[PDB]
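Letters A, B, C, D, E, F, G, H, I, J, K, L, M, N, O and P name the chains as they come in the text, with residue numbers starting at 1 for each one.
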Amino acid sequence: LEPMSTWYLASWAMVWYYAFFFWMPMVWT
Amino acid sequence: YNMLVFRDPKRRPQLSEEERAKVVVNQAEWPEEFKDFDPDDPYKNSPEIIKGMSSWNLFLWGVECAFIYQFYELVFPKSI
Amino acid sequence: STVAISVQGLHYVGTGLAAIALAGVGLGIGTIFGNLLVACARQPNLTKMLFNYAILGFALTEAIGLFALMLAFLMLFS
Amino acid sequence: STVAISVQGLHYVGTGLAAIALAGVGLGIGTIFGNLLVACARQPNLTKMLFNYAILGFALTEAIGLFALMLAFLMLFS
Amino acid sequence: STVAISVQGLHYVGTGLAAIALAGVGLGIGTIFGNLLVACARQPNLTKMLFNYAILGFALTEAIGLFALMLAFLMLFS
Amino acid sequence: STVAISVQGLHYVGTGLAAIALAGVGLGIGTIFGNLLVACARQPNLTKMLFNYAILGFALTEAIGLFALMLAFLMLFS
Amino acid sequence: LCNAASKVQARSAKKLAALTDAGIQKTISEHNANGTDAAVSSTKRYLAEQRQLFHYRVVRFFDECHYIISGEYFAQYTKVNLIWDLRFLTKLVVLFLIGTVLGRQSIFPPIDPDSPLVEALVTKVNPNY
Amino acid sequence: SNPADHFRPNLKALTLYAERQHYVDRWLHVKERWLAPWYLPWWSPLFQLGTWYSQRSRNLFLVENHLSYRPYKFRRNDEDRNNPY
Amino acid sequence: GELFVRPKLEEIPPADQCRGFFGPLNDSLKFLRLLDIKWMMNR
Amino acid sequence: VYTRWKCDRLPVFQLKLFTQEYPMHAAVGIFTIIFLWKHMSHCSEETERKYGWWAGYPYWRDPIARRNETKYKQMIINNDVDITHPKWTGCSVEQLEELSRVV
Amino acid sequence: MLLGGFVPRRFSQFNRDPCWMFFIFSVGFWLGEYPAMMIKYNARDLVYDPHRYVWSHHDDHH
Amino acid sequence: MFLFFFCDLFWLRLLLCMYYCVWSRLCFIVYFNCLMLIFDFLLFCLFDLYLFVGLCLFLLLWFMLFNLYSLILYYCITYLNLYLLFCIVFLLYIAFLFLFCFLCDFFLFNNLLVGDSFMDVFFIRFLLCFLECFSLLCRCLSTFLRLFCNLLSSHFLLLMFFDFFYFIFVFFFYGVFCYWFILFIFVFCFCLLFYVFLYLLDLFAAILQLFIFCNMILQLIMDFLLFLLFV
Amino acid sequence: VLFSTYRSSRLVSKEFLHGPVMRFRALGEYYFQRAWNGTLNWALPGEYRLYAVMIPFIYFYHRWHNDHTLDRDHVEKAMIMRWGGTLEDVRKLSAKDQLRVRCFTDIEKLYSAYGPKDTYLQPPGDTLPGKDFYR
Amino acid sequence: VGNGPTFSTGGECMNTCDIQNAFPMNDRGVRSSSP
Amino acid sequence: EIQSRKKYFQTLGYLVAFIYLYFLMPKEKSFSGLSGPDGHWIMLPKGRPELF
Amino acid sequence: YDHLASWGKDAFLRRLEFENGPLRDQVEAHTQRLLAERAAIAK
């Protein structure tokens, strides 16, 4: 299972961090 | 009525019975699209988007698309 | 002597055990609705409100059953 | 030493365990109906709204029993 | 004679047994909400206050299941 | 003949069995709060004292859960 | 076995009475009075009309061919005609595939003797099929 | 197994690899280049922010005296529990 | 939950009334208050 | 009238949002990003073979070996590395020539 | 939120709105792919791969 | 190791751009309780209790674009990883907790020491405080675990049932033409009923889990809010 | 001084691409800006036709991607491993043979866990090649 | 008359909303969708 | 006006991206090697003989 | 909203205009009478 994996966790979480720091302002405005 | 989970909205009456009874119905002024209007089938006389294109024709078109999608490789196979 | 053995079929046993957790969850859900019926007959004016709380309780109770079911899949698919 | 063993008949054991998950489901369903009778007897005019909620509770409880039953049949055929 | 054996599929059994603890947690939650539904119909004006206490029990009841769930992972992944 | 065997994987089973003890603790907590909700509706003027007693009961049950976890962790490691 | 038949007959009678088509009701009444079958009569009428319209179909085909070849059809081309042509192309493709399948009398292409798949033919569970 | 494989990202495009040593060294070069100019005195908060924490961490690493063995972070195979090398 | 108001200087009980693990650490035992954690908690 | 969301441009509003509206959340996110890239940014070759490929590692061509070969060739060529040095081989050049003549 | 919109009363009305026309086309595709699979994958001339026992996903994931 | 991938929202982003280039009212919210924290009038809070509204709305939008649309076959939940959800919940929960802690008001924690002065401090109250401090982190972990497990189990079940339905529909539909057609018809009707039931259950459960996910954070915030009365 | 922090500092004229933009807004507004199009947290609209149009399109493009990009990898692996272990060995076959193999793979996918196991388990006494055929 | 939209409602009924008073009521007793 | 223009351009960009992703972009690390990259190293040292 | 004039009205919009237009009272009366007749026939 990849959902329990960590060999590329950082790149995987970059999606959430991009959404939080770059897309949320656009949705906000 | 319903079509799967999609329910047809119904307009709430606004007139009372006394006022309603005094209303004179004249379908001559109504548009040809809505005559003998039926809440259970309001679009019976509604025009077709494309003349001669039936719903069954579109259903069969989709079925044919599926058959092509599944059978094209059988007739024109390609190598890896 | 040092002997290492790997039994494949054990994963079935663990999977079945997790399913037992659903016995409590299924029973727990029925308990909620039983109280709901016995409460709606004591104060029918709140039936809609009670039905809402019953559903919330069903999910929380159901959520636990999913935890066990996840383990069953993990071992059944490994 | 490295030894790999494959026990066949274990799938019967795991399947039986999942069947036990239906004990709570059957009990839970019976509890709902038992409560339904009391609610009807203490509020006889609500013989339909209570019946609907009893059916809803049974469906959810049946769903839990079916999740377990899927594993019971799946392991039996694995 | 001294013989050391390592059975490599036993962690499945322990994981399933720990998962069984979730039946009690699910049952307790259902009991809480069953009492909530039958208690609101008695004192509706305090419905909201009861709901807060009901969640508190869930917070203090779901946590126990986590420990059992935690052990499952510590043995399933080891 | 005298044969001594040392199975390395039997501590998982013991850990799982100990974790099952939490099903009673979880259910006991659910019972405590289920009665608490009923009692509060009956006599809401004593909500604080009942809440205090319920917390005391939860603590004692939690203490038992800690003992069970202590055995589980000991067997899991030792 | 009898109650179900009565229920089905009653439902069909209710639906038949429900329709508000003057021509259909008139034909039904006439056939019931005469004791004949309306559906069979309609089938025979349609077959007779088609038999009498065969050469009309031929003439229409030639007229349409002249209309298309003359370029007048493409002069007034619209999006609706594009939709119809796409439908036409789809039917042509599916018919071609079906024709090929029937022509070779097999869903899949036949296996050549030199292919390594011949073993599969040899190892058929039921040689009859 | 197959059902578990359905929970993977479906739009993977490219994967790039880089050694920790290489990019750490490049980062150190960039930091030195930007902190070298005279117009940034060593006592400035910016310079200390840049350097002090890294120095402290590296000193802690050097001072470490562990009785156990820590396997190399970037081995070829780290999936075998019975082979730290 | 509710607002907290610090007690007044006159509402604070004396140190001698506090109890330790075994008993109050009154005169001849005051210096033991530093080491008794339970006494500090009660205080 | 002036409003941050309507008057300021997107970058300015982003900075304002994450500095005077949700600064602590941004700090925590940066901390977590640093942790993830410091402790969860490595993948061994064995791990890649086990889980790193959609359908499985194609051992019949071993792309990992080709990748490492290209890496090492590029490093050697660019850095002018003498792979025949005794430290790399553990023996002198003359011993290497003797071995080559032997085998 | 399922509040309102055109709702055909029966099948024949699906041609009274372009969106429902596309919907019925999609439904036709969906339901007609199954008979196609029946015919294709239960064919008389369909043959199992002789080398099917050479390799399988079961040994790979194991 | 640096992997470049994309989320599965590009079409949904396009639709958002197309349909929200002009303003529209919002009246239905999954978690409405983030807007109405105070129910008794004349009560007010000096703490920024309404700071969580924007994050709540954005999280609801993101998780709804992912989870609800995942019921469509082959749609991918790109974020479905245990530790990624842990990171998200860590961010939110720890940020609010550090907001409360940076306030440097230690009295705010007086309620952690459960019970009254009657209870023994060392053997009862201190243990309860320990358990509650542990329970905060356990609540965070439970939130993220619940969110992960619900989706995972629901989609596993859907995949398995769909596989079974495909198998029986394709390889046993010929029974319609045979003498055992009734059994196949009964099985097919049961499968359709189960399909509908599963889809409805998943639709409801996704929204409910989002509601609970936001409610846990709001409960964390509320546990440390103090309301003053107007005079 | 270099760049403005205010959105009011325009970079283009008010009439730049007015017509295409109006057409795009007409497309957006006709079905969405209605009273019955009440969204749930901006994600679930109230117009039925929106569902009816978007669900099929999403499914279609997702399925095309999955079939032509994702499952293709599994199919190719099966063909390679079962017919030589190398791409050239597979290419040595004809298109019809590849079609047969891929359709057998589809059969295996359809059976999954609910079907006969002789498709991957070799019964004793079978004459077909084993796992060590190419080794 | 044209096909243009009007003041947005959000799919809400103004005769039962929490701000219903802000919407004028006509003779028939139906509150407006707009101010 | 500003938002209409911006969203028009964003819509065009997202349309192009969606087409490329779901119909043209190959998946990385293919078993056959016929489509997509297998990965490669970056930031390798250059012109630093003393490093070795 | 001149840019929308080219799109016209669909079936649902035409229905809404017909029901809630100046003829709304007549349509309401006709619909209610028809529904009452159908209900009476059902009973």
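The criterion applied here is as follows: a contact is a pair of C-beta atoms (placed from the backbone, for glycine too) under 8 Å apart; a residue touches a chain by one contact, two chains touch by 3 or more.
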item: Shortest contact path, chain A to chain P, counted in steps; value: 3
item: Copy-to-copy rotation for chain C and chain D - C-alpha atoms, rounded to a multiple of 5°; value: 35
item: Core chain by centroid distance, with centroids computed from Cα atoms only; value: L
item: Between chain L and chain P, centroid-to-centroid distance (C-alpha), Å; value: 42
item: Centre-to-centre distance between chain L and chain C (centres being mean Cα positions), rounded to whole Å; value: 18
item: Inter-chain centre distance, chain E versus chain M - centres from mean C-alpha coordinates, in Å; value: 39
item: Contacts with two or more other chains, residues of chain N listed in rising order; value: 3, 5, 8-12
item: Residues of chain C whose C-beta touches two or more other chains; value: 1-10, 13-17, 20-25, 27-32, 34-36, 38, 40, 42, 54, 56, 60, 62, 65, 67, 69, 72-74
item: Multi-partner residues of chain H (each touching 2 or more other chains); value: 1-4, 7-18
item: Residue ranges of chain B in contact with chain M within the complex; value: 6, 9, 73-74, 77-80
item: Residues of chain D touching chain C in the complex; value: 1-11, 13-18, 20-25, 27-32, 34-36, 38-40, 42-43, 46, 49-50, 53-54, 56-57, 60-61, 64-65, 67-68, 71-72, 74-75, 78
item: Contact footprint of chain O on chain M as seen in their complex; value: 7, 10, 12, 14, 16-17, 20-21, 24-25, 61-62, 64-65, 69-70, 73, 76-77, 80, 87
item: List of chain D residues in touch with chain L within their complex; value: 59, 63, 66-67, 70, 74
item: Chain M partner contacts - residues on chain K that touch it in the complex; value: 1-7, 17, 19-20, 22-23, 25-26, 37, 40-41, 46-59
